[PDB]
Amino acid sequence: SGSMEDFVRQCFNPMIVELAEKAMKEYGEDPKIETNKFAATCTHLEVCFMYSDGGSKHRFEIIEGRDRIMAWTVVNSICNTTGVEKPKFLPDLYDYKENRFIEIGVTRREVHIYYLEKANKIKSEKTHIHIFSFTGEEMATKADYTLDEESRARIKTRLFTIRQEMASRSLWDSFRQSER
């Protein structure tokens, strides 16, 4: 869907776009062909970045977007230095304030369905899950949202703006239907 490709290149910062293209190609997927996955990958990356800018300076270490060696360097480092259980999958962030890894979910489906799939995927209590939708819904572990409402509101409003713009360009219906 090349009109979606055009949208991704117009919508997302070039750093996010280049990171998403590398990520997909590493799984043998072509951004030019799986354009809905390209937009999805960019959105999750951007949310991960916005979330890391949510609170105090350096509250959050970013793990998402990092090459595997550096990602695992951050994760193993943190687990040696805080004694928190070493996750089996790379999470998205580490919360220095709350001493927990965070998995970040962005879903075109219902938040509760995605929360469960993440929980069942993770199989490790300590890691905090936080889900966003394009429709303003969000849900987190023990209903603990980590950030203040003003920072969550920027993320929720950004995801809404993205859905809206996709909608004006008749890309949203495909994109919504395309998810796992």
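The first residue of the sequence shown is number 1, and the count goes up from there.
Q: What stretch has the higher average Cα B-factor here, 49 to 57 or 63 to 71?
A: Taking the mean C-alpha B-factor of 49 to 57 and of 63 to 71, the larger value falls to 49 to 57.
Q: When the Cα temperature factors in the entry are averaged, is it 22 to 30 or 143 to 151 that ends up higher?
A: On average, C-alpha B-factors are higher across 143 to 151.
Q: In the PDB entry, which of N36, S124, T43, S133 has its C-alpha at the highest B-factor?
A: Of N36, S124, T43, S133, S124 has the highest C-alpha B-factor.
Q: State the tercile, meaning the lowest, middle or highest third, of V106 with respect to the CA B-factors recorded for its chain.
A: Within its chain, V106 is a lowest-third residue by C-alpha B-factor, going by the deposited values.
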